[PDB]
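A.B. asks: just the structure for this:
(2 chains, ligands or ions: 6)
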There are 2 protein chains.
Amino acid sequence: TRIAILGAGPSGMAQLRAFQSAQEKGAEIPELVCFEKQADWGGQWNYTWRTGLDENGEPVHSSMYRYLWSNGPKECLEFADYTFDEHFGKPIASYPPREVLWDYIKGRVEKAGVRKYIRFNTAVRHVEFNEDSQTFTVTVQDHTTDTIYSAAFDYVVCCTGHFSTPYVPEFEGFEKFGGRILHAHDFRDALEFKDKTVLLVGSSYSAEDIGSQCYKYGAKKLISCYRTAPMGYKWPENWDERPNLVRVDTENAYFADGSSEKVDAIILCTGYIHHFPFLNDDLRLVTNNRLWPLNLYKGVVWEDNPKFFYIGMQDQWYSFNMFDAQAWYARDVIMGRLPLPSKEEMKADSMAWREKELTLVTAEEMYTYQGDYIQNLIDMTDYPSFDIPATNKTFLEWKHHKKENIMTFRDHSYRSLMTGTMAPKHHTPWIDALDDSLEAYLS
Amino acid sequence: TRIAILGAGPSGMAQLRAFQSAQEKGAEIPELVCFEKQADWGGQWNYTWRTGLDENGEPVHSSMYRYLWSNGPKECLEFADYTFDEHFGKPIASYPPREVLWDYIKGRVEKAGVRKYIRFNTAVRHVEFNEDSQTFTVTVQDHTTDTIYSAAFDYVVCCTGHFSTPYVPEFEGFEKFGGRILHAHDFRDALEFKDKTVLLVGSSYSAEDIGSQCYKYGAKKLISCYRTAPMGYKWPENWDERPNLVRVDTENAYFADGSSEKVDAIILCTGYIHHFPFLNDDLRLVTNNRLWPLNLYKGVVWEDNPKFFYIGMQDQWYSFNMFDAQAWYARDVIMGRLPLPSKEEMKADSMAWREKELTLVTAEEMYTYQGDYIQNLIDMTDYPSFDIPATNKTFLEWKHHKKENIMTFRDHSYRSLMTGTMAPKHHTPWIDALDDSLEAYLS
Ligand SMILES: Cc1cc2nc3c(=O)[nH]c(=O)nc-3n(C[C@H](O)[C@H](O)[C@H](O)COP(=O)(O)OP(=O)(O)OC[C@H]3O[C@@H](n4cnc5c(N)ncnc54)[C@H](O)[C@@H]3O)c2cc1C
Ligand SMILES: Cc1cc2nc3c(=O)[nH]c(=O)nc-3n(C[C@H](O)[C@H](O)[C@H](O)COP(=O)(O)OP(=O)(O)OC[C@H]3O[C@@H](n4cnc5c(N)ncnc54)[C@H](O)[C@@H]3O)c2cc1C
Ligand SMILES: NC(=O)c1ccc[n+]([C@@H]2O[C@H](COP(=O)([O-])OP(=O)(O)OC[C@H]3O[C@@H](n4cnc5c(N)ncnc54)[C@H](OP(=O)(O)O)[C@@H]3O)[C@@H](O)[C@H]2O)c1
Ligand SMILES: NC(=O)c1ccc[n+]([C@@H]2O[C@H](COP(=O)([O-])OP(=O)(O)OC[C@H]3O[C@@H](n4cnc5c(N)ncnc54)[C@H](OP(=O)(O)O)[C@@H]3O)[C@@H](O)[C@H]2O)c1
Ligand SMILES: [Cl-]
Ligand SMILES: [Cl-]
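C.D. replies: Residues are numbered from 1 along each chain as shown, chains lettered A, B, ... in the order given. Ligands and ions are numbered 1, 2, ... in the order given. See the structure here:
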C-alpha cells in the first residue's frame, strides 16, 4: 500500500515527517514516494537566482528574493515537535532571514531521515484516477535521466503550493512602456532598483515587503497603488500611496488620482492563482486565495475523491504549524485511524466552516479563525497540542508593531510557545542588517 | 476523420492553409481542430509585454522584443502562394519589422478563412495514443471557461516550436550578483538598458541582435562572450568580444581572458531546448537544435508512430517557406496521396540525410542543405516550385552584407523570387528608424 506526495516544500516535508513520526512510535506505515521538481527541498524557502522558467523548462517555483526575512513572528511558525532551541542550540531573534528558516525546516527532516523518500529533479505531469482499480497513476518527468514514466498509488497528497503561479493583470499601455515590468514572483536582488523610481501595484504583504526591500537598498522613490483600500502605514519620506494605476506611457504612470509620475520599473504585487496543470477537473481544486476553500473536508480531504488530499492550500497567517496539523490529519485518515463520514456530512461540515469564514472582518478575527481550525485539527491527532490562544496573542502584538512602525516591526521579539524562552533582540537593527546570510545572522 | 494541429504560429497557420488549399482545389479534407494557448495567432510574431508565465500561468511563448526586425531577407521567407505584392499592394524594403511580418502571415490565413478551426486561449496538456482504437486523445485546458476536456483524433500535427523554452546555463556567482539576470527570451524593451553596461553570454543570432538593439537605444557599453568561437564582426567603439564568462561577483564579471568588468545586467543568449511537456516518450522528439533531427521521415513524420507529425522542428535558415513545404507534405500523407514506405526504409532514408548533415562546414553549405531538403519536399506536392538556387544566392548576399557591416546589413535590398520585383531601399536607415511600428514603416 503506497502513497504519492507531490512537492518537497514545508508541506511535503511535513507529510513525510508525519508518517515518519508514526513509524518512530512503532506503527506500520505505507510506502512513500515524494516527487519534487527542484534539485533540493524547502519549497519557497529554497532560493534561486532563476526567473520564469528553470534549467529544465519547468516554471520557476520560488517567489523568494535576496534579503527576505520572516515576515511574522518565528514563534508563530515553530514546529511543536522540533523547537528552535533543539535546532539552533541557542536563542535567536524573532524574524530570521530566509537562509535561517530554510536551515531550520531542513533540520527537522534531516533528523527524521526522510530525504530517502524523495525523487528530486522530477516534475509531476499528470495524476489520473482509475475507477476500475481504485488507484492513481502518477506520470512524472525525470529531468536527470530525461525520462517520462508513471507509477501506481493508492493515495495522493498534493503539496505543490499556491504562491508560485502569478496573477498578473494587464494595464493599458504596458506594451508601450520602456522600463522593466515584472511580477513580485520575479523579484530577485533589490540592488537592480538602486537610484530608481519603482511603481508597486497592490496592497498586501508583497507590496509592503518589496517596497521595504527596495527602500532599504537605496531606491530613489517608491509608489504603491491600491485596488480597494490603502495599505495604511506611515511610509518613509520617499514613498507615496496613490489609488489604483489606470494607464501607462512611454515613461509615466497615471492613477485614479488624476496624478502622474515618471517611473523606471513596475512590479506587480497582485498575488497568485491556484494552478494545478497536472490534474483533471475530477481532482483539480479551484479557488481564490482565502481562509476556507470549498471542497476540502477539514480543509484537506478532496470531497469528490477522498483518497486525494491537499496540504497548505489555505491563505496563511499560521503556516508551518498548520501544515503539520494538516499532514498529521491526512496521515491519520490514510492510516485508517480517523474514518471519514459520508459525503453529505463532509459537505455539511465544510459549509459550516464557510459560513463562519464569511463572518470575518478584522485581521484579529481572521487568524483566530485559522487558530480554531488548527485547534480542531490537532485535537484529533498524535500532534502535540500547544497554546493556540497564546499564539493568537503573538499575532496581535505583531499586528501592533507593524502599525506603530512598518519599518521596525522586525526589531521586536516574542516568547516561544513551545519552550517558554523569550527571544533576544537581534545584534543589528533591521534597516542596517544589509548582509542576509545565516553566517552573518548567527554570529 | 479528424486532425489535431497543436499551435497557431507560422507552422500551425501553414498546416491549416495547406488543407484549405487542397479543399479550394476541390478535394474532400478531414476535419480540423487547431489548439492555441495565446489569444491570437502568429506564434513568436505575436508580441507580448509578458514575461515568464502568462495571464493563465502557461509559459510565455514569444521570445520577441520591441524593435525586432526580420533578421534575414524577406524574400527568403516569402510564401510561394501569397506574395508580398499581393498582401501589401506596393513594394517594401527587405527587413520588415515584427509587426509588419506579423501582418503578412496573418494576411494569408485571413484570406483563407481558416481562423474558424482554431480554439484560442487553450493549452494542450497531453497527447496519448490508444493502441486499441488506433486514435489520439488530446487533453486541453480551456482558459476561457477554465475547463479541462479531451477529444479523439486520427492524426496529430505538432507545431509548438522550439525557440521558447530557454536553455539557461548557470555561472558561478549568479546567486551573489546584484543586477538583473535574464535569458534572451525575457528581453523586452531595449530602453531598460539605456546608459548601462550589458553582458551578453553567447555567440549567435540572439547575441548579435540583442546587442545591436541595446546599442541602437543608448546602452553605455556592451560585452559579448563566446563558448567556442567569437562572432567575428566589427562591433562599434563601445562593444568588446572576449572569451567565455567564468564567474561573477557582487558587480563584476570574470572571463577566461583573466579580464574583469563592472556589469549592470547579464543577458543569457544561450538558445533554447526542444520541450514538449504534453507528450510521453512514445511521441516525444528529443534533439539538440540542428538541421537534421533524427526520427523524422522527410523531417516531419514521427518514425515510431507515423500518424503523428512535427512541423518546423529543424534549425532555421529558411523558415515560412520551409514550414509550408513541410505542411503540404504532411497533409498529402494524411490525405493518402503519399503512402509511407516501411519503417526500415524511413530509417534508412533518415540516416542518409544525417550522414550528409554531418558533412556540413560552412554557412553556405548549411542553408544549401536546407534548400535541398525543401527542394525534395516541394517536388512531391501541389506546392508551387520556386527558385531555390536563387534563394540560396540571396542568403549568400545577406551573409556578405553582415560581414561588411553588421550594423547596416538591414539597409540593403534583394530581388523577390516569387514576383521578380526588386525591393526598394527603406525610407530610413536602420540605426535611425527608432519607431518600430507598421504605421511608421509603411507610410
Ligand atoms: C515570497 C514569499 C514569502 C513568504 N514568506 C513567509 C514567511 O515569512 N513566513 C511564513 O510563515 N510564510 C511565508 N510564506 C508562505 C509560504 O506559503 C509558506 O511559508 C510555505 O512556503 C508553504 O510551503 P508549501 O510546501 O505548502 O508550498 P511551497 O513552499 O511553495 O512548496 C511547494 C513545493 O512543491 C513543488 N512543486 C510544485 N509543482 C510541482 C510539480 N509539478 N512537480 C514537482 N514538484 C512541484 C515546488 O517545487 C515546491 O518545492 C511566503 C511565501 C512567499 C511566496
Ligand atoms: C526572437 C526570435 C526572432 C526570430 N526572428 C526570425 C526572423 O527574423 N526571420 C525568420 O525567418 N524567422 C525568425 N524566427 C524563427 C522562428 O522560429 C520562425 O520565424 C517561426 O516563428 C516559427 O514558427 P512556428 O509556428 O513553427 O513556432 P512558433 O512561432 O513558436 O509558434 C508556436 C505556437 O505554438 C503554440 N504553443 C506552444 N505550446 C503550446 C501548448 N502547449 N498549447 C497550445 N499552444 C501551444 C504557441 O503559442 C505558438 O503560437 C525568430 C525566432 C525567435 C525566437
Ligand atoms: N516574508 C516576506 O517578507 C514576504 C514577502 C512577500 C510575500 N510574502 C508572502 O506571500 C504571500 C502572498 O503575498 P501577496 O501580497 O503577493 O499576495 P496576496 O497576499 O493574495 O495579496 C494580493 C494583493 O494583490 C492585490 N491585487 C490583485 N489584483 C490587483 C489589481 N488588478 N490591481 C491592483 N491590485 C491588485 C490585492 O488587492 P486587493 O486587496 O483589493 O484584493 C491584494 O492587495 C503571503 O503568504 C505572504 O506571507 C511574504
Ligand atoms: N529577428 C531577429 O533579429 C532575431 C533575434 C533573436 C533571435 N532570432 C532567432 O532565434 C533563433 C535562435 O537564436 P539564438 O541565437 O538565441 O539560439 P541559437 O541560434 O541556437 O544560438 C545558441 C548560442 O548560444 C551559445 N551557448 C550555448 N550554451 C552556452 C554556454 N553554456 N555558454 C556560452 N554560450 C553558450 C551557443 O554557443 P556555441 O556556438 O559554442 O554552441 C550559440 O552561440 C534563430 O532562429 C534566430 O533567427 C532572431
Ligand atoms: Cl526522531
Ligand atoms: Cl484562396
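
A.B. asks: now do the same contact list for the residue nearest the centre of chain A.
C.D. replies: Residue closest to the mean C-alpha point of chain A, counted by CA atoms, centre = their mean, is residue A:163 at 6.1 Å. Counting by CB atoms under 8 Å, 6 or more residues apart in numbering or on different chains, residue A:163 touches A:44, A:63, A:272. In short, each C-beta sits where N, CA and C put it, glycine included.

A.B. asks: what do you get for residue A:406?
C.D. replies: The contact partners of residue A:406, by CB under 8 Å, 6+ apart, come to A:208, A:212, A:233, A:234, A:235.

A.B. asks: can you tell me the SS state at residue A:3?
C.D. replies: Counting by DSSP: H, G, I helix; E, B strand; the rest coil, the backbone at residue A:3 sits in strand.

A.B. asks: and it, what are its bridge partners?
C.D. replies: Going by DSSP bridges, residue A:3 is paired in beta bridges with residue A:32, residue A:155.

A.B. asks: residues near it, how many?
C.D. replies: Residue A:3: 26 surrounding residues under other CB atoms under 10 Å in any protein chain shown.

A.B. asks: same deal with residue A:338?
C.D. replies: Residue A:338 has 15 neighbours, counted by other CB under 10 Å.

A.B. asks: residue A:373 versus that one, what's the distance?
C.D. replies: Residue A:338 sits at a distance of 16 Å from residue A:373 (criterion: CB to CB, to the nearest Å).

A.B. asks: now do the end-to-end distance for stretch A:74-83.
C.D. replies: By CA to CA, to the nearest Å, the extent of stretch A:74-83 from end to end equals 11 Å.

A.B. asks: I meant stretch A:37-44, not that one.
C.D. replies: 12 Å.

A.B. asks: repeat that for stretch A:147-166.
C.D. replies: End-to-end distance for stretch A:147-166: 28 Å, by CA to CA.

A.B. asks: that one near ligand 3 at all?
C.D. replies: Yes - applying CB under 6 Å from any ligand atom, one finds stretch A:147-166 touching ligand 3 at residue A:163.

A.B. asks: repeat for stretch A:211-222
C.D. replies: No - applying CB under 6 Å from any ligand atom, one finds stretch A:211-222 separated from ligand 3 by no less than 8.1 Å.

A.B. asks: for my notes, confirm residue A:21 occurs in a strand.
C.D. replies: No - looking at residue A:21 with three-state DSSP, it is helix, so not inside a strand.

A.B. asks: residues in contact with it?
C.D. replies: Taking CB under 8 Å, 6+ apart, we find residue A:21 in contact with A:81, A:112, A:382.

A.B. asks: does the second one touch residue A:17 like I think?
C.D. replies: Which is residue A:112. Yes - Residue A:112 is within contact range of residue A:17, at 5.4 Å (criterion: CB atoms under 8 Å).

A.B. asks: who's more crowded, these two?
C.D. replies: The residue with more neighbours, out of residue A:112 and residue A:17, is residue A:17; 26 against 19, by other CB under 10 Å.

A.B. asks: doesn't that one lie inside a strand?
C.D. replies: No - Residue A:17 is assigned helix when assessed by three-state DSSP, not a strand.

A.B. asks: any idea how far it lies from residue B:127?
C.D. replies: According to CB to CB, residue A:17 stands 38 Å off from residue B:127.

A.B. asks: how about residue A:47?
C.D. replies: From residue A:47 to residue B:127 the distance is 35 Å (CB to CB).

A.B. asks: who's more crowded, the two?
C.D. replies: residue B:127 (24 against 18).

A.B. asks: bridging residues for the residue lying closest to the more buried one once chain neighbours are set aside?
C.D. replies: Leaving aside its sequence neighbours, residue B:127 sits nearest to residue B:138 (CB to CB, 6 or more residues apart in numbering or on different chains; 5.3 Å). When assigned by DSSP bridges, residue B:138 has beta-bridge partners residue B:127, residue B:151.

A.B. asks: so residue B:138 touches residue B:154, yeah?
C.D. replies: No - judged on CB under 8 Å, residue B:138 makes no contact with residue B:154 at a distance of 11.2 Å.

A.B. asks: more neighbours, those two?
C.D. replies: Using other CB under 10 Å as the criterion, residue B:138 and residue B:154 rank with residue B:138 on top: 21 against 16.

A.B. asks: so what's the more buried one up against?
C.D. replies: B:4, B:6, B:35, B:124, B:126, B:127, B:150, B:151, B:152, B:153, B:156 are the contacts of residue B:138 under CB under 8 Å, 6+ apart.

A.B. asks: ok, so of those, who is nearest residue B:91?
C.D. replies: residue B:6 (35.9 Å; CB to CB).

A.B. asks: can I get the buried part of the contacts of residue A:406 as one PyMOL selection?
C.D. replies: Remark: buried members of those, expressed as a PyMOL selection using 16 or more other CB atoms under 10 Å in any protein chain shown:
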select buried, chain A and resi 208+212+233+235
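
A.B. asks: can you add secondary structure and distance to chain B and give the contacts of residue A:406 back as TSV?
C.D. replies: Below are those laid out as TSV (DSSP: H, G, I helix; E, B strand; the rest coil; distance: CB to the nearest CB, whole Å):
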residue	secondary structure	distance to chain B
A:208	helix	22
A:212	helix	17
A:233	coil	27
A:234	coil	29
A:235	coil	24
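
A.B. asks: closest to ligand 4 among the contacts of residue A:406?
C.D. replies: Minimum distance to ligand 4 across those is 35.9 Å, recorded for residue A:212 (CB to the nearest ligand atom).

A.B. asks: which ones are touching that closest one?
C.D. replies: Contacts for residue A:212 (CB under 8 Å, 6+ apart) come out as A:406, A:407.

A.B. asks: next one: residue A:129
C.D. replies: Residues near residue A:129 by CB under 8 Å, 6+ apart: A:135, A:136, A:282, A:283, A:305, A:307, A:308.

A.B. asks: what pairs with residue A:221 across the strands?
C.D. replies: Going by DSSP bridges, residue A:221 forms beta bridges with residue A:197.

A.B. asks: that one reaches residue A:197, doesn't it?
C.D. replies: Yes - with contacts counted by CB under 8 Å, residue A:221 reaches residue A:197, the gap being 4.3 Å.

A.B. asks: nothing else from me, thank you.
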